[PDB]
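Quick setup: one chain, the form deposited in one PDB entry, written in structure tokens, and binding and motion questions come after.
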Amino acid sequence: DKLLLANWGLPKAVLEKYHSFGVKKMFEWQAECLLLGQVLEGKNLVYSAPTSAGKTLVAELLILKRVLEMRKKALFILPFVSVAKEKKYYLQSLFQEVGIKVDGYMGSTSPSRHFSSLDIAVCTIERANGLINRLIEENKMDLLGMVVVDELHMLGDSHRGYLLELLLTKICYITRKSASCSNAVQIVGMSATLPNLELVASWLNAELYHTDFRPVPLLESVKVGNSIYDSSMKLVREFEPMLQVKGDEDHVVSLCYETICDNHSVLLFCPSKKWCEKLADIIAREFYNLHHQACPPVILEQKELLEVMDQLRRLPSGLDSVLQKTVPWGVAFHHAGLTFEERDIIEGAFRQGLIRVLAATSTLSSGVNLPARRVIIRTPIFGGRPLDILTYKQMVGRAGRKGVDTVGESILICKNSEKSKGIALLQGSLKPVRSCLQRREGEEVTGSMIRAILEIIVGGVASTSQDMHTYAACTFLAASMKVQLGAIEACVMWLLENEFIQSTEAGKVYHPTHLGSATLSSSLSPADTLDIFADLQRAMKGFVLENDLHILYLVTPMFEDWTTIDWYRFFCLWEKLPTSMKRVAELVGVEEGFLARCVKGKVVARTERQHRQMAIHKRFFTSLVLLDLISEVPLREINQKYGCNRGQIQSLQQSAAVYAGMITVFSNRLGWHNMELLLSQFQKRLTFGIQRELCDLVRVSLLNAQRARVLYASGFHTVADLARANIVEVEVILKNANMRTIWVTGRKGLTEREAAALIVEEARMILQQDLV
């Protein structure tokens, strides 16, 4: 039939594991897409299909084709670290039975395997562009055989988008030059069903397969009043509630119960965090009321759900009070205020189906995949704005649990004044994807183009204006416009007038400075790099070594609305603040004559010096949070003192750990060797949130800060000690912190016996690799 994979002749290892996953047969569209033509022979490829359509199986089989036959290496580029982690573990399981070696470059993580050892690198767009810049420096690029891009529709919509354009255009510019002046580097792109996907394929010189095939039919609708309208706005049903809900009038609660009785999950998107908490509370209390008054009441796997609650309660943040009542009933909320492990457990319980209503903010839609039968979206308005059509289609695209459901369903709930927006979301379609490099004429030229011109010149490609114009023709801006060359000449002038590059007579040839090479190696933005360089020179002339705060002042990202800074707390903290830390404050320019003003009331903040002073204050306040965070003050206690949420601290912690890496490599390339000593410790130390004491022990990835804390406190101060310890000892010490209540991000929950064995065995593995 050529559809049972055995006909294709895959390695038996992957065949059996796909059968364990369930992929005994590929869909006709996947078979055609691999057959399509020069695709199978190495031509670039772009394809789009619904997320349910088996989207990634095509790229996975092309990776095997290249990696086994060519024995060259592949990149996998993913939009988010949560996706990147999950895909790394999936690919490891399948390929490790082959013996193909997989590890990833994600967030502040770096692999223990050096890239020479790897076959496949799974990475976030930011780390992907950083890798390619290193591959240009080494001139290693010949090593790459494939570059797979997910969420290629990001190309226009974010700061991550322009990095994807600057990434792909360097590979195009270098490869086509080397080829023109079989396909060595193949691109496989996956995207949303963009209008101008024909253009993206033609720009990449890809082959294109667009399909809207889904494994389960999707039924959309909108609900307004009691009426449920099909997308064509014919009435398909008139709703009348099975459940006499008291909590709210939109029937959102009774519209969930309608399918829960059919034993299927609901997923429910809410405009905001506190709304998601309040609505998840109401649904759980109506589940309890029905059961307490008692179609049947809900049937719940309560032994499984208490195992889920135990896995939550052992987290550093414990079990949230709202989750405590809602989770045993089988309702849960998921929003940016939850910690990463806490979300992952809620997500994992929903995939199994132990949770049956999950409410979420829209961030779940673009993130990790969950199948849900009934997807309810409460309003066409989110955050005080119309919902974006990309987000709506990423939400509804989840509907229908493939192979379990006969059909998927979605109900957009809407009011009369909003109905016009609800209709528009159903019938509308995405904007064409559009290069971010288009000149914003109120500036000199867009910072993404200045980065672009920096990356080539400092890279040592297109050292001359004719080559920069040739790279311009590869740029997707050119294919989208097919002013650009005038914008490029302005970028060169800006870089030259800000001493990132030197101009010399031969036309002209442009050379990097140390400041240029440090900017490219760090991956910092160059406009930011001026103030980073100015602040580092201001600090190195009068540094405070008696504490961690001044180092953290340089490491902390600038204020990016990551929380509302409660000035009353800040002025209260300021009086208590130690005089040693007040010395750090007045060195960097914090002044209480202005901090008293912010607690007295809103500052007008309409002038650049008040803007920078406010940024000084707001950067200082953020640096105090990081000082408490790396002293192992629990997340619950930072929240008491500063008032920010658990998820705000963790997202600040992850981004600050990335910025600590940038500042370290920036200072190294400049040659501030003293600063490299101090700051290099802080990337790992911020990433896990630990004292200096633990930084060696945390190398075992099965150990978080708290598990490292107890193994350290027991006396296993080094990986050698932890490898010498008996498994029974680690078990007692882990229990000192016969059922699965340890969470490990790459795994389901471990028992203490199983975790302790793998901890000892990983420590022995680390020593084998470290000594070798």
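Basically, rigid core = biggest C-alpha set you can superpose within 1.5 Å across the two forms. From 1 onward, residues are counted along the sequence shown.
Here the subject shifts to the form deposited in another entry, a form of this protein not shown in this document.
J.: Can you tell which of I381, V216, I136, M614 moves its Cα by 2 Å or more between the shown form and the other one, with the two forms laid on the rigid core?
T.: Comparing the C-alpha positions, the one residue that moves 2 Å or more is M614.
J.: Taking the rigid core as the reference frame, tell me whether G428 has a CA displacement of 2 angstroms or more between the shown form and the other one.
T.: Shift at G428: below 2 Å after core fit.
J.: Classify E277 as shifted (yes) or not shifted (no) between the shown form and the other one, where shifted means its C-alpha moves by 2 Å or more with the rigid core superposed.
T.: Shift at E277: below 2 Å after core fit.
J.: Would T169 count as moving between the shown form and the other one, using a Cα shift of 2 angstroms or more after superposing the core as the test?
T.: Shift at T169: below 2 Å after core fit.
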